[PDB]
Amino acid sequence: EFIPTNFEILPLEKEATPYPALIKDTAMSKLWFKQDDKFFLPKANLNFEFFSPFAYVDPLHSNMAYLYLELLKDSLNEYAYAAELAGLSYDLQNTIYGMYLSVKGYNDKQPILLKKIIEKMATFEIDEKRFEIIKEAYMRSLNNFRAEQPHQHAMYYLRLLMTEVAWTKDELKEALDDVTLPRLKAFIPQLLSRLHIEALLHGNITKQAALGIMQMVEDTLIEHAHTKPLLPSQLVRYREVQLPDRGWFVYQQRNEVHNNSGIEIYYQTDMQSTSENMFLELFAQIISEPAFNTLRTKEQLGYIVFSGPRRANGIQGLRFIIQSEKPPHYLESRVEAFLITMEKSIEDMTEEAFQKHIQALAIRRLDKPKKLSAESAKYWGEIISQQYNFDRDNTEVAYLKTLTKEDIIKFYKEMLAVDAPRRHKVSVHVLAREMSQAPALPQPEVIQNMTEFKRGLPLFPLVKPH
Amino acid sequence: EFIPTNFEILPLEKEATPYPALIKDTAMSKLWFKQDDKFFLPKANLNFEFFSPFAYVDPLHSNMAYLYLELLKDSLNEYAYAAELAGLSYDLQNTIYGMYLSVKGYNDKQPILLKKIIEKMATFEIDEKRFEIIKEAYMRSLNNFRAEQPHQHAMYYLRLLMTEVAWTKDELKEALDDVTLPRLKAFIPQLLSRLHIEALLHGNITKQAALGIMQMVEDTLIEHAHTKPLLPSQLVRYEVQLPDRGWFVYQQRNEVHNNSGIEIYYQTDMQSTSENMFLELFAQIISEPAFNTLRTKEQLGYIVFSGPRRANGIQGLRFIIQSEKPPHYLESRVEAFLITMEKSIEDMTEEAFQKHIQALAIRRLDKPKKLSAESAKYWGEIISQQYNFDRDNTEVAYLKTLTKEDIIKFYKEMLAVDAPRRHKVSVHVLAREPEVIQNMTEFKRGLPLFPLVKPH
């Protein structure tokens, strides 16, 4: 049971800052917490950082850690049934950085069960049959994936063609052929040998108790396996690749089962600066309603048609989760027809189209939280991109006050055109199971050695900091 | 166990190429192969790299690999005194990519002896305390490493700020406390289950016998520890993007030596035939007026030197200068010599131009002397994966294309004070006692990176 009656709403201190602040920082600690204002709730929601370098280095050890988390969160759920049944949810989630931890819920037993979870995942024991059955279950799950939907597997190539490295399912499939339990079983404390944990906290709790809870969990883990602090010289992030400034490249993927031919486009404006956010979103909104009016509705190229944003490596962009049975080059020509449509529509965006358009994106943008976790996921998105300007949305409003009609001339010429000298266009064909003005397009290449493809190209700058 | 007896030399067959040829490539093996046409000597020298992803793992894994090879080469040396007594030598050396193997001497019984070497380093037992003495010895060595020369530490800067990532000696310092013997003793089969060996063979040697020898050796390797191959993207490579005009520097005061170190670096590019003769000719064309005035006339310190950088398949420009001076003061002197060459090259007429490009030619022009020197240049061809064995005549013919105006084109685009390709950067070292660089984290925080070189 563990006493949930301690629900008295804590009044905010003299330290009244409008956001979670870096209230505790050491070589191990980095602590972030503001409490409830719009809700005044007994719950609290929690967001927790894990990093290991080993979580990006091997398909073998990734499968290891993946199934490790599987049998692990599998285990204490027999305990945690009643507690989360007592309205105390939590999350263990694989990332490319490592795992992901997040806890939500009432202030019944939060530091206590918190500590129980920390100790439990800190020291855990393994059964060989349960090991091998979990192994075989996800083994049969692996080769299930080889026939996904073209838009789903297209999203896989989306996550695959926008990174530093991502190991394939074939990389995983040869890798499970040699897996033993003593291997990862010895490897796990080597796996967890050095970490930094950043803690995002929120709700009906105390600053000084949050300091003690942070010191608690770090001292607990040092007690377990003496996980030493990480290095700033090894906390690395990975970049998105630079095109040869007009070279747009593409390749094809003949599907096996589905006779629809998939294709999806992507672009690179710049970082989330003042200008480019509203550029991409407002542009996304002006390819929402007239394009939904025209291409999907008026042309009916196919059933699966999408047009929307795509944020990779802390860089936004523009995706089109569109699937039909067309010649994809012909469908590109349709796309180019839509680009000429937008060419005519630059001046044809009137005063009213602009005003309704900016106010609808503003209402899209402006939204107070309805949950204590609603803003927290978005804050977590700033966290995983290391941003922390929690009023950069106010900066977004200030730039939404700043776009002119002349800007989209400026945005089109060097960025959006075909003769665009700063053109960063991406497309990929995903072919089938069997598969009014034509501009002078430069013939793109075929992409065979993806290793040699992404081998020689540059990358993108990080932040002049805030 | 071995004496060389094959000295009746084997004549050169149908293969009419004068170079190391890639005759075999599997998922594990890749055999660039040559036979002897110059000197007809019964020695055969061997070159083998041991790439591993486990290279950049830790400063702990650095010392693992390092001290592993160290004691490892020390251990079989107890076996290898008959070979040392035979005068038939070898090499084991680490890389920031992995390890390196050389085998040298006569072509008779190198495969079988080599197989013994491979088998013993694969099946190797570990002594506890002997290792501890070695551990403490390299500990005291790293303790001594903080008291080394600023020019030696300047070359350490050359390996330092010119990568994607490295480890520091302080990182190396605390991690020696973390060393246990079962850690690496269990990490060796962790190590040896996946790494790479590219094969290079050269000598009075046949083809199919060499195929069988290399296949035998890798078969033994897979027999013991089952070394599974890599992905080609798993052979990835480590350099800092510039703003291309802004000049950057930091100081790191010395502890022991009272002299101050300084150097200004300039990356041009890859080793394109353009940038090769740019760098070489420009470096040597400033070298002799430097010998005229800065070294001889000024006499600031004795350790004053200028040279090129050739690493990562990437060119560079160095100035080995160690002397206790005020920093900006010596900066202004080097700047003054930049002005000196700016006028002096324009002052150099066609005569010294032609004699000096002839000097660079005869620098470049030298006949083979042994397999070792050509093989060292071959190894440089290997490590950046370029193999251009006939860039000699090519870069010479390119050298003929450079005029007095052509080098001015090389000046003002890149080397002017307002040049947009001003690749200017420095590192200060103080005594034993623009803008500033905040952090090395800030040094590698906000950056693009480079296109990579097409391999061969």
# chains A, B, ... in the order shown; residues from 1 in each chain; ligands from 1

$ residues_around --residues "residue 336 of chain A" --least-positions-apart "6" --cutoff "10 Å" --atoms "only C-alpha atoms" --output "ChimeraX atom specification"
/A:330,342,418,436-439

$ write_last_selection --atoms "N, CA and C atoms" --output "PDB file, in the first residue's frame"
ATOM      1  N   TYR A 330       7.489   9.110 -62.666  1.00  0.00           N
ATOM      2  CA  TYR A 330       6.273   9.787 -63.098  1.00  0.00           C
ATOM      3  C   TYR A 330       5.579  10.469 -61.941  1.00  0.00           C
ATOM      4  N   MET A 342       2.963  25.531 -56.720  1.00  0.00           N
ATOM      5  CA  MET A 342       3.351  26.402 -55.627  1.00  0.00           C
ATOM      6  C   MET A 342       4.080  27.629 -56.144  1.00  0.00           C
ATOM      7  N   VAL A 418      14.972  24.185 -58.634  1.00  0.00           N
ATOM      8  CA  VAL A 418      15.706  23.064 -59.202  1.00  0.00           C
ATOM      9  C   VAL A 418      17.094  23.528 -59.619  1.00  0.00           C
ATOM     10  N   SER A 436       2.486  18.985 -67.010  1.00  0.00           N
ATOM     11  CA  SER A 436       2.261  19.469 -68.364  1.00  0.00           C
ATOM     12  C   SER A 436       3.475  20.247 -68.881  1.00  0.00           C
ATOM     13  N   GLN A 437       4.583  20.152 -68.148  1.00  0.00           N
ATOM     14  CA  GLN A 437       5.818  20.855 -68.496  1.00  0.00           C
ATOM     15  C   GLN A 437       6.946  20.055 -67.859  1.00  0.00           C
ATOM     16  N   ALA A 438       7.801  19.439 -68.682  1.00  0.00           N
ATOM     17  CA  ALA A 438       8.933  18.679 -68.165  1.00  0.00           C
ATOM     18  C   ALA A 438      10.213  19.499 -68.049  1.00  0.00           C
ATOM     19  N   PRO A 439      10.672  19.827 -66.841  1.00  0.00           N
ATOM     20  CA  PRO A 439      11.858  20.679 -66.693  1.00  0.00           C
ATOM     21  C   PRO A 439      13.117  19.876 -66.986  1.00  0.00           C
TER      22      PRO A 439
END

$ closest_atom_pairs --of "chain B" --to "chain A" --cutoff "8 Å" --atoms "only C-alpha atoms" --output "tab-separated table"
residue	atom	partner	partner_atom	distance
B:167	CA	A:233	CA	7.9
B:232	CA	A:451	CA	6.8
B:233	CA	A:451	CA	5.3
B:441	CA	A:233	CA	6.6
B:445	CA	A:462	CA	6.4
B:446	CA	A:462	CA	3.8
B:447	CA	A:461	CA	4.1
B:448	CA	A:460	CA	4.3
B:449	CA	A:458	CA	4.9
B:450	CA	A:458	CA	4.5
B:451	CA	A:457	CA	4.0
B:452	CA	A:456	CA	3.8
B:453	CA	A:456	CA	6.4
B:454	CA	A:456	CA	7.3

$ residues_around --residues "segment 174-177 of chain A" --least-positions-apart "3" --cutoff "8 Å" --atoms "only C-alpha atoms" --output "PyMOL selection string"
chain A and resi 59-60+63+139+170-171

$ write_last_selection --atoms "N, CA, C and O atoms" --output "PDB file, in the first residue's frame"
ATOM      1  N   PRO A  59      25.501  -4.835 -33.423  1.00  0.00           N
ATOM      2  CA  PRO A  59      24.180  -5.454 -33.543  1.00  0.00           C
ATOM      3  C   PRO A  59      23.987  -6.531 -32.510  1.00  0.00           C
ATOM      4  O   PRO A  59      22.889  -6.692 -31.955  1.00  0.00           O
ATOM      5  N   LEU A  60      25.084  -7.211 -32.199  1.00  0.00           N
ATOM      6  CA  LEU A  60      25.084  -8.322 -31.270  1.00  0.00           C
ATOM      7  C   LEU A  60      24.708  -7.832 -29.886  1.00  0.00           C
ATOM      8  O   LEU A  60      23.727  -8.288 -29.283  1.00  0.00           O
ATOM      9  N   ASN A  63      21.120  -6.420 -29.582  1.00  0.00           N
ATOM     10  CA  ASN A  63      20.143  -7.478 -29.375  1.00  0.00           C
ATOM     11  C   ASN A  63      20.179  -7.967 -27.957  1.00  0.00           C
ATOM     12  O   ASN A  63      19.134  -8.197 -27.336  1.00  0.00           O
ATOM     13  N   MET A 139      13.716 -13.829 -32.065  1.00  0.00           N
ATOM     14  CA  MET A 139      14.264 -14.370 -33.303  1.00  0.00           C
ATOM     15  C   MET A 139      13.193 -14.607 -34.347  1.00  0.00           C
ATOM     16  O   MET A 139      13.366 -14.258 -35.521  1.00  0.00           O
ATOM     17  N   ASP A 170      19.446  -7.675 -41.222  1.00  0.00           N
ATOM     18  CA  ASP A 170      20.372  -8.711 -41.652  1.00  0.00           C
ATOM     19  C   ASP A 170      21.615  -8.721 -40.795  1.00  0.00           C
ATOM     20  O   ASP A 170      22.166  -9.800 -40.502  1.00  0.00           O
ATOM     21  N   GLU A 171      22.019  -7.532 -40.343  1.00  0.00           N
ATOM     22  CA  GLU A 171      23.142  -7.418 -39.430  1.00  0.00           C
ATOM     23  C   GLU A 171      22.810  -8.110 -38.130  1.00  0.00           C
ATOM     24  O   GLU A 171      23.627  -8.850 -37.573  1.00  0.00           O
TER      25      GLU A 171
END

$ atom_distance --atom1 "atom CA of residue 178 of chain A" --atom2 "atom CA of residue 69 of chain A"
19.6 Å

$ select_by_dssp --residues "segment 310-391 of chain B" --states "alpha helix (DSSP H)" --output "PyMOL selection string"
chain B and resi 327-347+350-364+371-383+391

$ select_by_dssp --residues "segment 109-280 of chain B" --states "strand (DSSP E)" --output "PDB file with N, CA, C and O atoms, in the first residue's frame"
ATOM      1  N   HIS B 196      40.273  -7.602 -38.299  1.00  0.00           N
ATOM      2  CA  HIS B 196      40.613  -7.792 -39.709  1.00  0.00           C
ATOM      3  C   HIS B 196      42.095  -7.780 -40.026  1.00  0.00           C
ATOM      4  O   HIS B 196      42.867  -6.994 -39.477  1.00  0.00           O
ATOM      5  N   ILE B 197      42.447  -8.629 -40.987  1.00  0.00           N
ATOM      6  CA  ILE B 197      43.795  -8.798 -41.474  1.00  0.00           C
ATOM      7  C   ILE B 197      43.722  -8.619 -42.974  1.00  0.00           C
ATOM      8  O   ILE B 197      43.030  -9.378 -43.662  1.00  0.00           O
ATOM      9  N   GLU B 198      44.398  -7.609 -43.471  1.00  0.00           N
ATOM     10  CA  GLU B 198      44.615  -7.423 -44.892  1.00  0.00           C
ATOM     11  C   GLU B 198      46.010  -7.959 -45.175  1.00  0.00           C
ATOM     12  O   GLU B 198      46.918  -7.808 -44.351  1.00  0.00           O
ATOM     13  N   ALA B 199      46.182  -8.608 -46.319  1.00  0.00           N
ATOM     14  CA  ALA B 199      47.416  -9.318 -46.603  1.00  0.00           C
ATOM     15  C   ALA B 199      48.246  -8.581 -47.635  1.00  0.00           C
ATOM     16  O   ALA B 199      47.745  -8.172 -48.687  1.00  0.00           O
ATOM     17  N   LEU B 200      49.529  -8.448 -47.323  1.00  0.00           N
ATOM     18  CA  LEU B 200      50.516  -7.901 -48.233  1.00  0.00           C
ATOM     19  C   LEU B 200      51.752  -8.777 -48.286  1.00  0.00           C
ATOM     20  O   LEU B 200      52.405  -8.998 -47.260  1.00  0.00           O
ATOM     21  N   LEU B 201      52.054  -9.284 -49.482  1.00  0.00           N
ATOM     22  CA  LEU B 201      53.156 -10.205 -49.698  1.00  0.00           C
ATOM     23  C   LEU B 201      54.043  -9.681 -50.817  1.00  0.00           C
ATOM     24  O   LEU B 201      53.554  -9.244 -51.865  1.00  0.00           O
ATOM     25  N   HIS B 202      55.354  -9.755 -50.589  1.00  0.00           N
ATOM     26  CA  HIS B 202      56.333  -9.259 -51.542  1.00  0.00           C
ATOM     27  C   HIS B 202      57.674  -9.953 -51.350  1.00  0.00           C
ATOM     28  O   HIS B 202      58.185 -10.030 -50.228  1.00  0.00           O
ATOM     29  N   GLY B 203      58.228 -10.453 -52.443  1.00  0.00           N
ATOM     30  CA  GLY B 203      59.505 -11.131 -52.419  1.00  0.00           C
ATOM     31  C   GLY B 203      59.653 -11.987 -53.661  1.00  0.00           C
ATOM     32  O   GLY B 203      58.847 -11.911 -54.586  1.00  0.00           O
ATOM     33  N   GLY B 261      56.476  26.364 -26.713  1.00  0.00           N
ATOM     34  CA  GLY B 261      56.232  25.781 -28.031  1.00  0.00           C
ATOM     35  C   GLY B 261      55.171  26.502 -28.847  1.00  0.00           C
ATOM     36  O   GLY B 261      54.178  26.988 -28.294  1.00  0.00           O
ATOM     37  N   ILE B 262      55.370  26.542 -30.168  1.00  0.00           N
ATOM     38  CA  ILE B 262      54.442  27.244 -31.049  1.00  0.00           C
ATOM     39  C   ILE B 262      54.573  26.655 -32.449  1.00  0.00           C
ATOM     40  O   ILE B 262      55.615  26.098 -32.818  1.00  0.00           O
ATOM     41  N   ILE B 264      52.038  27.047 -36.451  1.00  0.00           N
ATOM     42  CA  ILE B 264      50.790  27.405 -37.116  1.00  0.00           C
ATOM     43  C   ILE B 264      50.533  26.366 -38.189  1.00  0.00           C
ATOM     44  O   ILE B 264      51.383  26.123 -39.049  1.00  0.00           O
ATOM     45  N   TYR B 265      49.344  25.811 -38.184  1.00  0.00           N
ATOM     46  CA  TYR B 265      49.037  24.717 -39.078  1.00  0.00           C
ATOM     47  C   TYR B 265      48.175  25.187 -40.224  1.00  0.00           C
ATOM     48  O   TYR B 265      47.431  26.158 -40.100  1.00  0.00           O
TER      49      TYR B 265
END

$ residues_around --residues "residue 373 of chain A" --least-positions-apart "4" --cutoff "9 Å" --atoms "only C-alpha atoms" --output "short mmCIF file (atom, residue, chain, number, x, y, z; two decimals) with N, CA, C and O atoms, in the first residue's frame"
data_model
loop_
_atom_site.label_atom_id
_atom_site.label_comp_id
_atom_site.auth_asym_id
_atom_site.auth_seq_id
_atom_site.Cartn_x
_atom_site.Cartn_y
_atom_site.Cartn_z
N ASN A 45 5.62 13.20 -12.57
CA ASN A 45 6.10 12.54 -13.77
C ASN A 45 7.61 12.76 -13.88
O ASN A 45 8.13 13.80 -13.47
N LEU A 46 8.29 11.76 -14.42
CA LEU A 46 9.72 11.59 -14.21
C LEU A 46 10.40 11.19 -15.51
O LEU A 46 9.87 10.34 -16.23
N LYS A 104 5.61 7.71 -14.27
CA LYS A 104 4.55 8.68 -14.04
C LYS A 104 3.67 8.23 -12.89
O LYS A 104 3.50 7.03 -12.65
N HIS A 202 9.16 16.48 -12.21
CA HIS A 202 7.99 17.35 -12.26
C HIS A 202 6.89 16.85 -11.34
O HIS A 202 6.56 15.67 -11.36
N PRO A 369 -0.79 23.01 -21.60
CA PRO A 369 -0.92 21.58 -21.28
C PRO A 369 -2.27 21.16 -20.71
O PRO A 369 -2.89 21.89 -19.94
N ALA A 377 6.89 15.51 -22.69
CA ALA A 377 7.47 14.83 -23.84
C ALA A 377 8.18 15.80 -24.76
O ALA A 377 9.26 15.51 -25.29
N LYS A 378 7.64 17.00 -24.88
CA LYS A 378 8.22 18.01 -25.75
C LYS A 378 9.48 18.58 -25.12
O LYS A 378 10.49 18.82 -25.80
#

$ residues_around --residues "residue 147 of chain B" --least-positions-apart "2" --cutoff "6 Å" --atoms "only C-alpha atoms" --output "list in words"
residues 144, 145 and 256 of chain B

$ write_last_selection --atoms "C-alpha atoms" --output "PDB file, in the first residue's frame"
ATOM      1  CA  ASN B 144      57.468  10.238 -16.898  1.00  0.00           C
ATOM      2  CA  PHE B 145      55.427  11.158 -19.965  1.00  0.00           C
ATOM      3  CA  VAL B 256      58.954  20.831 -16.401  1.00  0.00           C
TER       4      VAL B 256
END

$ decode --residues "segment 85-107 of chain A" --atoms "N, CA, C and O atoms" --output "PDB file, in the first residue's frame"
ATOM      1  N   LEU A  85      -1.158  -0.788 -11.057  1.00  0.00           N
ATOM      2  CA  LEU A  85      -2.582  -0.918 -10.813  1.00  0.00           C
ATOM      3  C   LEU A  85      -3.024   0.044  -9.730  1.00  0.00           C
ATOM      4  O   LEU A  85      -4.171   0.494  -9.728  1.00  0.00           O
ATOM      5  N   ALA A  86      -2.116   0.428  -8.848  1.00  0.00           N
ATOM      6  CA  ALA A  86      -2.379   1.556  -7.979  1.00  0.00           C
ATOM      7  C   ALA A  86      -2.084   2.887  -8.659  1.00  0.00           C
ATOM      8  O   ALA A  86      -1.782   3.867  -7.978  1.00  0.00           O
ATOM      9  N   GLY A  87      -2.085   2.919  -9.988  1.00  0.00           N
ATOM     10  CA  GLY A  87      -1.965   4.160 -10.720  1.00  0.00           C
ATOM     11  C   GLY A  87      -0.575   4.731 -10.732  1.00  0.00           C
ATOM     12  O   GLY A  87      -0.410   5.954 -10.661  1.00  0.00           O
ATOM     13  N   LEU A  88       0.437   3.878 -10.820  1.00  0.00           N
ATOM     14  CA  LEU A  88       1.817   4.344 -10.851  1.00  0.00           C
ATOM     15  C   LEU A  88       2.542   3.762 -12.061  1.00  0.00           C
ATOM     16  O   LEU A  88       3.198   2.724 -11.954  1.00  0.00           O
ATOM     17  N   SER A  89       2.480   4.450 -13.196  1.00  0.00           N
ATOM     18  CA  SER A  89       3.081   3.906 -14.401  1.00  0.00           C
ATOM     19  C   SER A  89       4.553   4.243 -14.542  1.00  0.00           C
ATOM     20  O   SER A  89       5.116   5.080 -13.840  1.00  0.00           O
ATOM     21  N   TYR A  90       5.179   3.555 -15.477  1.00  0.00           N
ATOM     22  CA  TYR A  90       6.607   3.702 -15.640  1.00  0.00           C
ATOM     23  C   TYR A  90       6.901   3.240 -17.050  1.00  0.00           C
ATOM     24  O   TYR A  90       6.028   2.728 -17.752  1.00  0.00           O
ATOM     25  N   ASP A  91       8.152   3.396 -17.443  1.00  0.00           N
ATOM     26  CA  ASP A  91       8.553   3.047 -18.791  1.00  0.00           C
ATOM     27  C   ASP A  91      10.010   2.657 -18.840  1.00  0.00           C
ATOM     28  O   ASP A  91      10.873   3.398 -18.373  1.00  0.00           O
ATOM     29  N   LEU A  92      10.271   1.519 -19.460  1.00  0.00           N
ATOM     30  CA  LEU A  92      11.604   1.171 -19.914  1.00  0.00           C
ATOM     31  C   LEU A  92      11.555   1.008 -21.415  1.00  0.00           C
ATOM     32  O   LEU A  92      10.735   0.247 -21.936  1.00  0.00           O
ATOM     33  N   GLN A  93      12.387   1.763 -22.105  1.00  0.00           N
ATOM     34  CA  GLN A  93      12.282   1.841 -23.541  1.00  0.00           C
ATOM     35  C   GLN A  93      13.679   1.813 -24.122  1.00  0.00           C
ATOM     36  O   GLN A  93      14.550   2.539 -23.661  1.00  0.00           O
ATOM     37  N   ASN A  94      13.896   0.952 -25.102  1.00  0.00           N
ATOM     38  CA  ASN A  94      15.163   0.923 -25.817  1.00  0.00           C
ATOM     39  C   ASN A  94      15.389   2.222 -26.575  1.00  0.00           C
ATOM     40  O   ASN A  94      14.450   2.839 -27.078  1.00  0.00           O
ATOM     41  N   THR A  95      16.628   2.692 -26.587  1.00  0.00           N
ATOM     42  CA  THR A  95      16.949   3.796 -27.471  1.00  0.00           C
ATOM     43  C   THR A  95      18.190   3.424 -28.238  1.00  0.00           C
ATOM     44  O   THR A  95      18.826   2.399 -27.991  1.00  0.00           O
ATOM     45  N   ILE A  96      18.568   4.317 -29.139  1.00  0.00           N
ATOM     46  CA  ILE A  96      19.859   4.164 -29.778  1.00  0.00           C
ATOM     47  C   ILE A  96      20.951   4.707 -28.887  1.00  0.00           C
ATOM     48  O   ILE A  96      22.133   4.460 -29.138  1.00  0.00           O
ATOM     49  N   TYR A  97      20.572   5.404 -27.827  1.00  0.00           N
ATOM     50  CA  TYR A  97      21.516   5.914 -26.858  1.00  0.00           C
ATOM     51  C   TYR A  97      21.721   4.905 -25.756  1.00  0.00           C
ATOM     52  O   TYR A  97      22.784   4.876 -25.129  1.00  0.00           O
ATOM     53  N   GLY A  98      20.715   4.069 -25.537  1.00  0.00           N
ATOM     54  CA  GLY A  98      20.731   3.083 -24.484  1.00  0.00           C
ATOM     55  C   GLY A  98      19.331   2.625 -24.159  1.00  0.00           C
ATOM     56  O   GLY A  98      18.551   2.306 -25.061  1.00  0.00           O
ATOM     57  N   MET A  99      18.982   2.617 -22.885  1.00  0.00           N
ATOM     58  CA  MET A  99      17.592   2.451 -22.528  1.00  0.00           C
ATOM     59  C   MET A  99      16.958   3.816 -22.385  1.00  0.00           C
ATOM     60  O   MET A  99      17.580   4.856 -22.600  1.00  0.00           O
ATOM     61  N   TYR A 100      15.689   3.802 -22.024  1.00  0.00           N
ATOM     62  CA  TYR A 100      15.013   5.019 -21.644  1.00  0.00           C
ATOM     63  C   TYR A 100      14.118   4.744 -20.464  1.00  0.00           C
ATOM     64  O   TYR A 100      13.316   3.811 -20.491  1.00  0.00           O
ATOM     65  N   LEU A 101      14.234   5.584 -19.456  1.00  0.00           N
ATOM     66  CA  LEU A 101      13.424   5.449 -18.271  1.00  0.00           C
ATOM     67  C   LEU A 101      12.511   6.647 -18.121  1.00  0.00           C
ATOM     68  O   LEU A 101      12.939   7.798 -18.264  1.00  0.00           O
ATOM     69  N   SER A 102      11.265   6.359 -17.759  1.00  0.00           N
ATOM     70  CA  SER A 102      10.325   7.398 -17.383  1.00  0.00           C
ATOM     71  C   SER A 102       9.237   6.809 -16.515  1.00  0.00           C
ATOM     72  O   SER A 102       8.724   5.737 -16.819  1.00  0.00           O
ATOM     73  N   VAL A 103       8.917   7.500 -15.436  1.00  0.00           N
ATOM     74  CA  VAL A 103       7.951   7.065 -14.442  1.00  0.00           C
ATOM     75  C   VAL A 103       6.870   8.131 -14.353  1.00  0.00           C
ATOM     76  O   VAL A 103       7.170   9.326 -14.428  1.00  0.00           O
ATOM     77  N   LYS A 104       5.612   7.715 -14.275  1.00  0.00           N
ATOM     78  CA  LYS A 104       4.553   8.680 -14.043  1.00  0.00           C
ATOM     79  C   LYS A 104       3.672   8.228 -12.895  1.00  0.00           C
ATOM     80  O   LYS A 104       3.505   7.032 -12.652  1.00  0.00           O
ATOM     81  N   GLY A 105       3.089   9.192 -12.190  1.00  0.00           N
ATOM     82  CA  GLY A 105       2.044   8.807 -11.269  1.00  0.00           C
ATOM     83  C   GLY A 105       2.056   9.484  -9.921  1.00  0.00           C
ATOM     84  O   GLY A 105       2.891  10.347  -9.638  1.00  0.00           O
ATOM     85  N   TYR A 106       1.113   9.051  -9.090  1.00  0.00           N
ATOM     86  CA  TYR A 106       0.822   9.607  -7.781  1.00  0.00           C
ATOM     87  C   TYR A 106       2.019   9.503  -6.848  1.00  0.00           C
ATOM     88  O   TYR A 106       2.926   8.709  -7.053  1.00  0.00           O
ATOM     89  N   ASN A 107       1.996  10.292  -5.781  1.00  0.00           N
ATOM     90  CA  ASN A 107       3.093  10.333  -4.818  1.00  0.00           C
ATOM     91  C   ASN A 107       2.966   9.278  -3.705  1.00  0.00           C
ATOM     92  O   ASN A 107       3.367   9.537  -2.562  1.00  0.00           O
TER      93      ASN A 107
END
